[PDB]
Structure formats: structure tokens, C-alpha cells
Amino acid sequence: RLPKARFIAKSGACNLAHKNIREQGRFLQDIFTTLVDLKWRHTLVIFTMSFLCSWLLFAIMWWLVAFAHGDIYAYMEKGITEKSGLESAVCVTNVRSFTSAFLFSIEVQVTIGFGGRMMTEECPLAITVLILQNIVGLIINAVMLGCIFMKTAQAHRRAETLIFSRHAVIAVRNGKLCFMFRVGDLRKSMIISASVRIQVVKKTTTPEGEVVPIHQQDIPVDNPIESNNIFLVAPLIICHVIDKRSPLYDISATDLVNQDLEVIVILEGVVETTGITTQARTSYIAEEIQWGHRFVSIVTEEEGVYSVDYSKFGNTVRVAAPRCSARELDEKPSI
Amino acid sequence: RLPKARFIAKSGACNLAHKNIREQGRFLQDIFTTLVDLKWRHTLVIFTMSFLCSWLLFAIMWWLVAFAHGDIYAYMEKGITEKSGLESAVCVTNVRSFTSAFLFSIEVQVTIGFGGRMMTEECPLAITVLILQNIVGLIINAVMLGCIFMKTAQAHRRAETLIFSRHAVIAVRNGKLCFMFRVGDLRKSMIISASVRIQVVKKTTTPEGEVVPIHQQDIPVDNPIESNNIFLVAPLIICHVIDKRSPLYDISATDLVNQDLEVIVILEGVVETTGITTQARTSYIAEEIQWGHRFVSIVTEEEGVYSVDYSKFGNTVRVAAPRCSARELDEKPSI
Amino acid sequence: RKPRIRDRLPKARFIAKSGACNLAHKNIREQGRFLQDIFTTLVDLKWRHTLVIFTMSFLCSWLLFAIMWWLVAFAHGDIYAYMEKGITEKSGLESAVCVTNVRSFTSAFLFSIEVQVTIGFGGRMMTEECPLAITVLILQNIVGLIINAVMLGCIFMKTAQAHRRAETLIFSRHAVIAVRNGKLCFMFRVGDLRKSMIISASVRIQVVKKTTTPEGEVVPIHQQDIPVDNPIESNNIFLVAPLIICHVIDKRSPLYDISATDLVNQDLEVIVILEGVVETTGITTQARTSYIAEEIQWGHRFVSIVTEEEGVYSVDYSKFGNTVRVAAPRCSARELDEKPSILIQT
Amino acid sequence: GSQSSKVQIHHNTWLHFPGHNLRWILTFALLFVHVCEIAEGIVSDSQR
Ligand SMILES: Nc1ncnc2c1ncn2[C@@H]1O[C@H](COP(=O)(O)OP(=O)(O)OP(=O)(O)O)[C@@H](O)[C@H]1O
Ligand SMILES: Nc1ncnc2c1ncn2[C@@H]1O[C@H](COP(=O)(O)OP(=O)(O)OP(=O)(O)O)[C@@H](O)[C@H]1O
Ligand SMILES: Nc1ncnc2c1ncn2[C@@H]1O[C@H](COP(=O)(O)OP(=O)(O)OP(=O)(O)O)[C@@H](O)[C@H]1O
Ligand SMILES: [K+]
């Protein structure tokens, strides 16, 4: 009872599955690419995690660093100043605790700098770790800043919202059959140089043995200059007539109830403000197309101005239709 | 009243009402989205307000935080000497007001850190407030920097300038009819890979009894290779010749007043200065269609250098012509 | 193939199978390499080199202006005023130490760090006496902000170009020629590895050959297009699974002359250039491959790579270039076309 | 692992047999030894 595998699921999102792909690998730089495009929830945590980590790490490099040069002991043994004058060799002035060291750490990699913890010039290793901490702080700061700007740059583009009607129809226009979906639009800006292509997916044997397993023909759509452009403000009805040249030409009234057909439709174009290319895909399997009922009018001239109504986006009514095939209807006049 | 509703208004806009659609829900991301695309008379205001609000809020927090631990009391009582302010017991050193705490907050936020307002490791809660405010300050700084840079990157994207005409002229040209109009350009740049499209909107009722309220027919544009690209430096005269099969083939040549018609012109391109796609458009209703008049030659050699004057950009001249539709021109050789 | 062994250089390979344009330009009017060029090389470095140039630049600026500050705190008679240990610092207050508590180049360097990266430890401040020091401080901060901005721009632009990883478009290493649907057909296989689709795709197939003209001219490297044989004459293509892009030739295309023996000595070379814009990046990409005469394993036919799994199709990529040598007529390019009396030369 | 070019499914044991023996037992032992050290430390700290 499983549906025979569909090439493009009804909600776009082509559901193919190719394996044995030679594992190209897992490029060392890949984490950064994954890092750039995260939910804002994460890029407001990895920020905090990176900063807090670096701070703590350099702090530990730092509380211990104060101990080694004799700093902790002078303050502790006597009074800081009442009993005695400074040893004057303190690496960073008044750096009392592995708490105080942590506090000091915040000044170097965050560029605040209070002043009560100066850097003397005796201990060279201290100068080395100062250079290193400052460089790391700058690199981390710049990388995080670039990430935050990328995820504030891409706040304009959100998502493809191009809506095809649920299922197709098949009717007669000017004494000949047709095939209709109903494309449409949602947001303010029109699409630019929007284009439409209709492909039929089928299993084609060949009179010379070859049997293309899942083979995709392209078929023309209807337009009085045979051009695939389009310009949509209210939903259109993009027909694509069937004729002797067309492949659907052998479909039948009964056979469509159990048939191997797959009419994918693709629509391309850009969006004016964002200036970004985009495309949208969808389909029509044999179960989904029901013959003889044309779609229902939308545009209504209100008193003031035209009105486009969505209440009946996919509504259908039956209409006269002959049950023969495409080649049958044109087979003979008397036919 | 009785104004038949135009599909798209003469001054470059789309005016068809969006009705009855479901509410997708104003997602929270939209707020940031609308922050990004603001004109500069609001961006600096929101910028400043955000900075001031953060400053003041954290200053109030520090004042409270130098309240519960009783720093504030201690500074006040010991006026004469202060005994080194009880050996700097207070969590934040030398803060002993609100305004002073405000100065401390400004120092910590904007990375100044004067020094009189040193911070000790005496109490933990102060460290927690410092870390919190620091990280929030960095996030606000990064966000606002991103905003300003996004605005900077869109300096070139300014507005749209394409000079159409208020008059379509149907005068004879090379032994047939035409429906010309004038297309101009103001900016010094040349639109790369421009295209033109002409569409006709009118109500129609299909032979099989289905009615289509509006219906975009297309019409070809004349070009000696049937190519819709174009090279617009000077004003140009688009002309959509009326062959036998064109929709305008049965106009009431001089009873063209009560006619349910509209012509739409759409020009697409990408500007070679930015790279952004762009599109201009307009429409001609019946009442704005001069008959018999042809457009007026403009291009004039002046002193051996070509001159183009827009003073006479869109003014026409009446010139005698046949008054019968092309069909009334197709029946007999001399009709 | 000893003749080919000595003929390894003589070879009609206009574009290497990798894709580059193996050519040689010369006698050109190289105006020079203006300054801004170097800056562009700064953008397109790799991470190890960018990090090195970054850190080296910061350290060089710090050390240089520290040396300058050292000279400054020398000339103002400051180091001596400190060195006078009659007291802890007996007359070091009135002498207007140009920079407070600057004792030796190490200390001056600590001050340089403290003034460029906006740390500011306070223990050593500029004073109200020496205008020269104020001039050098202004210069320090201006150069600091410019260098900071430029390095930030570099790092950012190496971050914003993280979408680009590598072009991954795959061809059948070999061509194939066969008979399909009653007539001779030229084939090739095209597949993709990236999950993302390729919008507005297009392909073009061109023949590169040395030509002759009846008028007398010869065009050395002549290019001529060929149709891509889609159902409704359009160079569009949907790429979910890999497929077979067949440019079948009748008369107008230059395949009428082909004789099976001639392929070894054949001079024509097929070039394929396809292009499209990637959906999730916004970049227009273009991939090119070369089909040399030595790689055209005539007479074969391609294999099938689509199988019904449980509910979802499975696809292989190992069997790309594997072919089953289905029997086909020989040299029928003109014989079958210019139909003999039988009109069925096959 | 949220964006890469590999077999998407999660199924592997590349060099696990000489490493499973290593980690799975080693870390546990190690975690055991760290627990032991925690015990000695806690009781000693109470003593001192
Ligand atoms: N108001 C609407 N806004 C957006 N999409 C719509 C709307 N109405 C219908 N659709 C589209 O119709 C498709 C299927 O709709 P659904 O099956 O939920 O309702 P239906 O009435 O059973 O089907 P249909 O609406 O197509 O007749 C969906 O892809 C959806 O995008
Ligand atoms: N000098 C000009 N430069 C650019 N565009 C022009 C110029 N003159 C007219 N146009 C455009 O032509 C269109 C209509 O021209 P029309 O023949 O109606 O003259 P008009 O509109 O009365 O002139 P105006 O717009 O100055 O009142 C207008 O939309 C206008 O933008
Ligand atoms: N599963 C796959 N993974 C990676 N590359 C592939 C795969 N299948 C085919 N190719 C590529 O297709 C090209 C030609 O493949 P061909 O049809 O010759 O199969 P092949 O004989 O196995 O190729 P090769 O000899 O290069 O391994 C090769 O360059 C190869 O890179
Ligand atoms: K970008």
C-alpha cells in the first residue's frame, strides 16, 4: 500500500537518495562554515561561551603567573602598606587573588583596563603572555564580529513563499484539452523575469533496447509568443496544452486512475529588494489530477478597485468533457 | 463616479487589494528585520536611545549594588578622614552617589575606565554584574555596528528613475499600425541586459463558457530579429506592431472611447553600477491614447555632437491617417 | 604507442581535464603592477598566512611607536631625571617628565601597548608639558584606528567568503557514442555532489577544430556550437539525479564525416561548458571539461544507475564511467545518413 | 556535523576495536581512579 516512490514530494523538497558517493571528506574549515549559519539562539551563546572560556583560560595563565614572581607572598605576610613599602617587583600591582587574577584577566582581553593592576616590566614571561592574550583577544573579537554581521546581513531574506494549488485539472479550451495549476504570490514585491518549466518524469524504454529508468522530458507551456516568461500579481493559470508532440498525449480516462506520471513544475526568478535568485518546485502525481473541472474566477471589480480573493484558491467545479484520450479526440472529426 | 479600476496606477505602483488571506503571524524576526531597513532619520535615534537606556539601567543596578552592601552609608558618615574608607570595604570602590555611579557605568560600558572608580574582589555579586553588563555591552555594540554597516552597504541602492510617457500614439509607420511609446533614462549609467514586455488586460469569456475576469495576454514587440533585449541611451520609441493575430486587431478606430482595455509596459534590467536587478512599469488606459498622432523627432545634431532635449520629450503632433481598425484594413486591398 | 610516446608534447589539449585554460599569452602591454594590487593579495590569503600577517602587523606597529616614544622620553631629559637616585625620585616632579613614569624602552613599550589597544593602565599618562609627545599620540591613535579597521576588514572578508568551499561538478571521464532511437547519438554523463540545487542551469557543447575556408582564410582554433538536443530546444536542465546530456548529430553539426578508423587521427576536440547560479549562495559558477579524441571510447552505451529501494530511490556514483559495449554500426555517420538504396545502411 | 558532504546516516566503527578496548575501559578505570583520589582528598581535607 506504499506509494510508488515519488521523484519530488508534494511540498517541494526533492526526496532523492544517492549513496556510495566518494566521501570527499570533512574539511578542517567546515566548522567555521557551519558556525556562520546558526540559529540566533546559538550565536548568542557561542559568543558567551567563547568569551568566557578565553577569559578563564587566560586568568589561570594569570593567577599562577602572579604567584611565581613573588607577588602573592608580599602582600600576605605583612600588611599591604601599613607595615611595609612595596616590594616593587609585583608583576601587576595589587593582584591579590586567584579571584583577583580572574578580575585582571577581564581587563586585558576586553579592553577596559582599570588601573589598579599595572604591568611592571621585570618578568619577561608576563610580557610574553600579555602579547599573546592581546592577539588572541583581537582575533576572537574580529571573528565573532564578522559572524554577528553575517547573521545581521541575512535578516532580509527569509523563505521562499510561492504557493501552487493543491492539485491540477484537465479541461477543454478552444476545443482542445489543457492542463492547469494555479501559481500565486504572497509578499509585496513582484518577481523579476520569473520563468516556468514543466517536466514530465516517466520510465522510457527505447526501440533500441535502452530503457532510461527515470527520464525527464520538457514540454512547452502556453503563451502567444512561445516564451517562458511570466509576470504575476494575482494568481495566474499556466496551461500547457497536450498535442501529438506532447508525451501526455496517450493518457486516458481510466488509465489515469492507475498510471505512471509525474509532472513537476519549476519556477525561477529573483526578488527585487533582496536581489537574490530563487526557485520553487512542486508536483502532480496520478492520484492528484481530477479531470473535467476548471478552476473558479478570482478577480472581482469592487466599487473602488480590483479585488483578488484567496477564499477559493483551489476550488473546483465540474464542466463538460469527453472521456477519450488526446489522440482519440483528434482522431477523426466524427470521432 | 464610475471610474473603472485601473490594474496598476499611472504613477508606478501596484494597486490590487490583498484580501481574506490567512495571517502568517508576525514572527519575532520581523522586528529585527524592520530595524535593519530604516531611513537614517530613525536609525541614529534608535541607536542613541539604546545606548542611553543600557547606560542608565546598569547605572541604577550599580547604585542598588552599592546600597545593599552598605558602601553608601560608609562614605557619608566618615567625612573628616574616612580612614581610607574602611580599607576600601565597599564592593565598588569610591562610588558614593548615584550620579557618581552613573559615571562609573559610562566608564565600564564604553571602555574608558578612568581609575578612581576601581573595582575590588571583595564581593562576588559585583563581579557578576560586571560580567553581565560587559557581555551585554559587547552585544549591543556589535548589533549597532552591524546596522550601520548594512546601511553603508546600500548607499548605491537609492531609488528608481525611468521616464515613460503619458501618451501612446497609434500613428501609421511603415505601412501598418503600431502602438508606440517613449522610454527614457536619467542616470548616467546604462542598464545592462534590459528587456521590454507588453501585456494587455481585458475581461474575456472563453468559448467553453468559462470566464476569466482579467487575463494577461502578451503582445510581441517589433524588432528585426524578434529579440526583446534593448540598448537604451537616448529616448527610444517602443512599437508593438499590430499583426492580424494581435489582440488590438479589432479596435473601434474612432469609437475607441467606451473600450474595456488596458496596456501594461514592463522594463527589466540590472544596473551596471551596483549589480542589483530592477524593474519599472506603467499602464495606459483608453483615455490616455492619442490617435493619429505620431511622436516627435528629438535627436538633433547641434555642433557636430549629438544633442537630446527632453523639453519636447512627450509631446505629439496630429497627422492624418486612416480611421478603421487593421481588420478594416485587411478585408480589401483599398478599404 | 612509441610514436605517441615521442608525441607526448604534440597533443590537441586546449583545456586540461582539470579545467584550466592551458594556453600561453605573450607580447602583451603589461603596464605594471600598481600599488593597490598588493592589497588585493591581502584579501585572498589563507588562514595561516592571514593570521601571521595580522599578528606581525600589530606587533610591528607596537614596537615601532614604542621606539619612537623611547626617543621622545630620551630627548626631553626625562630618563636622566628619573635616574637621579638622590631620593626615591628627588627632582622628578617639577621637571615635567614628558610621559609620567617612563623609565626605559621596556617601559615605553608597555606604554605603547597601553595606548594603542585602548587598555590605559593609568600608571603612566601623558602630561601637560611636551607638545611633541601630544603630536606623536595623535599620530599613534590615527594610525591605530586605520590599521585596526583594515585588519578587521581583512578578517571579516575571509569570514564572509565561507560559503565558498569548492566547485563539485562531475563528468564521465570518458565520452560515449552509440545509436539510439534510430540514429547516431553522442553522449556524456553529468552529475552533482552538492546537496543544493543549481538554478537556471545551462550547458553548451562546442567543437574546437582547425578549419579551412573556400575563400582562402584559415582560422587556427575554430569553435562551433552544437545543439543540446532537449525535447523543446532549450539549454535548460534539472539536476536532482545525474543524467545523460545527449547532443545527437544529423547534418549541420560536424559529425557527418566521422569514420571509425579516423578517431585515432581525429583532430576535433569536444569542449563542454555549463553554468548556473547556486541557490543558497548567490554566486554564478561555471564548470568546463574537455573530451579529447583519445578518451572517446566509441560504440559503447551507458549503464543505468537508478534503483527502487524501500520507498525512496537509491543511486550509485561508483558506476559513472562503466559501460556495456552494446553492438553498434561502424562508420555509418555518412553511410547511414546519406541513405543508400536500402535506406537502412545499418 | 550539521553541514558536510558525507554519507548522512550515522553508522561506523573505523578503528574501534583497538580503541574500544582502550577508552571504554581506560576512562572508566580512570574515572574510577579519579573517584578514588576524590575520596582520599575529601577525607584528608576533613582531617586537616
Ligand atoms: N490562504 C492561503 N495561503 C497560502 N497558501 C494557501 C492558502 N490557501 C491554500 N493554500 C495552499 O494550498 C495548498 C494545499 O492547501 P490545503 O490542502 O491545506 O487546503 P485545501 O483547500 O485542502 O487545499 P487547497 O487549498 O489547495 O484547495 C498548500 O500548499 C497551501 O499553500
Ligand atoms: N524632462 C524630463 N525628465 C525626465 N522625465 C520626464 C521629463 N519630462 C517628462 N518626463 C516624464 O514623462 C512622463 C509624462 O510626460 P507628459 O508628456 O505627461 O508630460 P508631463 O507629465 O505633463 O510633464 P511633467 O511631469 O513635468 O508635468 C512623466 O511621468 C515624467 O516623469
Ligand atoms: N562516486 C564517485 N565519487 C567521486 N567521483 C566520481 C564518482 N563516480 C564518478 N566519479 C568521477 O567521474 C570521473 C570519471 O568516472 P568514470 O565514469 O571513469 O568512473 P571510473 O572509471 O571509476 O573513474 P576513475 O577511473 O576516475 O575512478 C572521475 O574523474 C571521477 O572523479
Ligand atoms: K554578504
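Residues numbered from 1 in each chain as written, not as in the entry; some residues may be left out. Chains lettered and ligands numbered in written order. Part of a larger assembly, values for the part shown. Heavy atoms only, no water. Residues with missing side-chain atoms left out of burial classes, pairs and counts.

The deposited coordinates derive from cryo-EM, with the record listing a resolution of 4.2 Å.

Right, let's get into the arrangement of the chains. Over all C-alpha pairs, chain B and chain C never come within contact, reaching a minimum spacing of 7 Å. One finds no contact linking chain B with chain D; the least C-alpha distance across the pair is 22 Å. (Contact = heavy atoms within 4.5 Å.)

On to the domain arrangement of chain C, then. Structurally, chain C comprises domain 1 (2-23 + 165-346) and domain 2 (24-164). Centre-to-centre separation of domain 1 of chain C and domain 2 of chain C, based on C-alpha positions: 60 Å. (Domains from an automatic or database assignment.)

Below, the discussion takes up unusual backbone geometry. Here the phi dihedral of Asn174(B) falls at roughly 60°; this positive angle occurs in a residue that is not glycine. Within the secondary structure layout, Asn174(B) lies in the loop between β2 (168-169) and β3 (180-183). Phi is positive for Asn27(C), close to 65°, though the residue is something other than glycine. (Helix = DSSP H or I, 4+ residues; strand = E, 2+ residues; numbered from the N terminus.)

Looking now at the sheet that holds strand β4 (residues 189-192) of chain C. Read from one edge to the other, the open sheet built from 3 strands follows the order β1-β4-β7 (chain C), with strand pairing classed as antiparallel. What marks the edges here is a single partner per strand, and that holds for β1 (169-171) and β7 (243-244) of chain C. (Pairing = 2+ DSSP bridges.)

So, about the UniProt feature "transmembrane region" in chain C. Residues and elements named next belong to chain C. Under the local residue numbering, the UniProt record ascribes the feature "transmembrane region" to residues 48-72 and 133-154. With 100% helix and 0% strand, the stretch residues 48-72 has end C-alpha atoms that lie 36 Å from each other. End C-alpha atoms of residues 133-154 are separated by 31 Å, and the span's content is 100% helix alongside 0% strand. (UniProt positions renumbered as here; feature names shortened; annotations may be inferred.)

Listed per partner, the contact involves 18 residues of chain C and 17 residues of chain A. Considering only residue class, the side of chain C that touches chain A consists of 11 nonpolar, 6 polar and 1 charged. (Nonpolar A, V, L, I, M, F, W, Y, C, P; charged D, E, K, R; others polar.)

What follows is about the packing of helix α3 (residues 47-75) of chain C against helix α5 (residues 105-116) of chain C. Residues and elements named next belong to chain C. Remark: α3 packs on α5, axes separated minimally by 8 Å, with the N-to-C direction vectors making an angle of 125°. With respect to α5, the element α3 is oriented oblique. Seen from above, α3 lies across α5 with right-handed handedness. Across the interface between the two elements, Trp62, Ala66, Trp69 and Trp70 from α3 touch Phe105, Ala108, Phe109 and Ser112 from α5. Looking at the contact of α3 with α5, its residues break down into 7 nonpolar, 1 polar and no charged. (Axes fitted to C-alpha atoms, helices over the stretch in contact; angles between N-to-C directions. Parallel < 35°, antiparallel > 145°, perpendicular 65-115°, else oblique. Left-handed = near helix turned anticlockwise from the far one by under 90°.)

Here we come to the environment of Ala66(B). All names here are of chain B. By secondary structure assignment, the location of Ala66 is in the loop between α2 (40-65) and α3 (71-77). Remark: the alpha-carbon pair of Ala66 and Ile80, spanning 14 residues in sequence, is separated by 21 Å. Excluding residues that lie within four positions of it along the chain, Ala66 makes contacts with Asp71 and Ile72.

Ordered by their spatial adjacency, 3 strands build an open sheet running β7(A)-β8(A)-β1(B), and the pairing between neighbours is mixed. The sheet is open, and its two edges are formed by β7 (300-301) of chain A together with β1 (17-19) of chain B, each paired on a single side. As paired elements, β7(A) and strand β8 (residues 306-309) of chain A share 2 bridges and run antiparallel to each other. Bridge pairing in β8(A) links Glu301(A) to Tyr306(A).

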